């Protein structure tokens, strides 16, 4: 109890069954890993490990770009306790479940005997069990730290244990970490355990004894599958350390457990014999005597040196952390040791960055829960961050997935919303990613592909058009762009605009100092806008939508001028004028001013209806109230470009959207539904109209807030938090979807868009 857990921590009971869980609302197959989830461990680009609220290591994102949900049962903390003057102690795995293998271990950690807490990047378990006299807690984390691109990359996790004797008898206590040697868990085509072997490192520095297990393979190949895992522990005063190098994971486990269940002391048996077919594992234990009212603290850690990521198109790359530890895959212990000797400083750095928000008492706790915990996705979103192609440079390219069902890196129409944490907290990455986009503006690929929607054929990448994405983990990230094919992004009317807007946002949100960034991207920017002007068929100064989904709402058709694409256009034209003034490009300034003036008038005349802006000029659903109708004006605010539309009209539109899209949709308890009829019935023109998009809502909430509709902002955002985290929601913690319908069922779990919540902190 007496450990420093913040009140805004999301919490749930260990072993809790959740009764209202959502499921996918589409016909085609889609990922549904259940609600047994937790906050990820692991750095940016290191690959991540999802340890759930029940205690299992179950959501593996170690193969970069893939999601594999499966509990590796030998991966556990276990405990032994014995009250002085009792015949027998007891031993228990801290896992609220059971396996096949390991039948001798003590499974099924009981209900109503502990809690899980999460405030990303930290999570905690507390163990308050009728049969466990000594109270235990653990704080686990990886050093995810804004404006630090070093520790933030590390494939490491720390588990700081606290143990308290409230009783009046002396108790002997042990805490054991077990890990399977997971070399060959993926990337290995034959003989998945063969050549795996475990060794014990005893590092005996003055005041810093470490005992570690290094679990690897005898091969020195340089393959995605090869590397080391390490688990270990730092000696503190009053604890003894014991270990077991090699127990069989594809066995009953009694080789390990009979010695731990006796007195909580392992055999200290080293054995480097490689295995052939049997799965193997290691065990690191502490044992201590706790006197009445005594507290002891002890840190364990877990590293993983898997230096190569491979994508399905053939390319192999080094992971970013290899810059600081090496590339040979023999460095797990160096990574473990750095963590064991520096974790206290890392806790403080995490504290130093969370404090400004946590200590602001004008903000409710639920909003802090959502803001920090939504950050999980930055590590867990199949994040790729390279330090050289294998057998190959200034930069380190970066990609974040849109999601796993739609396995696209950096989908631009989505990162327009989802990119806020990177511009605000890791701006050097954000500027790297946007240079990656600038570099593709004039790539041509005349090779043709089949459009999944209408069936027709189209060119892959047209010169002057911004790509929808920078490839797929199943193909070739950064090299082969436009992996997406359900529509043709080369005629989308939003991407070029959002591109320009993202450029100027990244200038503006990093202090308006970085002229070199504007200089590098300037030509891509002029090109993008010049190309989109060519799509103005009817000569009103605004690109026309073509009676098809030619924008991010990729089944929802727009025709003529639309509020969404049209507002983005005007804002983009305004940003360009500004960049043009900054760089002293008189003719850009003059031209983009002229186009903006004409487009502005005409947007107004075509679309303003007295109450809101019409969805578009030409659809059968033209008079629908769209949640995202003024997305250009939202970005203009963040960009400090002023009114692109009249203040009074923007206020009316927002008020209307709140009144209709939020309030008339399940009593405003679930976010902003995308499309509503002026009669107050949800628009049925497409499935996307009947969906709430979590990131459109959080962005809309931020817009509301900058415009002083503070109560409407937080009420609108609340529905998203509620659905995601709350007992009355749908069980989407650490897998926030793109969307849900009125019944609360979902589409596309683990989704980038909801990172838009950070726009609320601008």
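If you superpose the two forms and keep the largest set of C-alpha atoms that fall within 1.5 Å, you have the rigid core. Numbering follows the first chain given and starts at 1.
Enquirer: Using the rigid core for superposition, please say which stretch has the greater CA deviation in 7 other deposited structures of this protein, 302-310 or 100-108.
Expert: Looking at 100-108 and 302-310 in 7 other deposited structures of this protein, the bigger mover is 100-108.
Enquirer: Can you count, per the entry, how many deposited residues between residue 392 and residue 393 come without coordinates? Answer none, 1 to 3, 4 to 9, or 10 or more.
Expert: Per the deposited record, the segment joining residue 392 and residue 393 lacks coordinates for 1 to 3 residues.
Enquirer: Could you bin the unmodelled part of the deposited chain lying between residue 99 and residue 100 as none, 1 to 3, 4 to 9, or 10 or more?
Expert: Missing residues, residue 99 to residue 100: 1 to 3.
Enquirer: So, looking at the entry's B-factor column for Cα atoms, which has the higher mean, 259-267 or 314-322?
Expert: For C-alpha atoms only, the mean B-factor is higher in 259-267.
Enquirer: Out of 212-220 and 613-621, which one has CA B-factors that are higher on average in the deposited record?
Expert: Mean CA B-factor is higher for 613-621.
Enquirer: Sort 230, 142, 557, 242 by C-alpha B-factor from the entry and give me just the highest.
Expert: Reading the PDB entry, the winner on C-alpha B-factor is 557.
Enquirer: Between 445, 386, 410, 516, which one tops the list for C-alpha B-factor in the PDB entry?
Expert: Across 445, 386, 410, 516, the entry lists the biggest C-alpha B-factor for 445.
Enquirer: Where does residue 307 sit by CA temperature factor within its chain: lowest, middle or highest third?
Expert: Lowest third, going by the recorded CA B-factors of the chain.
Enquirer: Would you check the entry's CA temperature factor for residue 658 and let me know if it's in the chain's lowest, middle or highest third?
Expert: It belongs to the middle third of the chain when residues are ordered by C-alpha B-factor.
Enquirer: According to the PDB entry, is the CA B factor of residue 60 in the bottom, middle or top third of its chain, that is, lowest, middle or highest?
Expert: CA B-factor rank for residue 60: lowest third.
Enquirer: Quick check on the deposited entry: does the C-alpha B-factor of residue 26 sit in the lowest, middle or highest third of its chain?
Expert: Highest third, going by the recorded CA B-factors of the chain.
Enquirer: Compared with the other modelled residues in the chain, in which third is the CA B-factor of residue 512?
Expert: Middle third.
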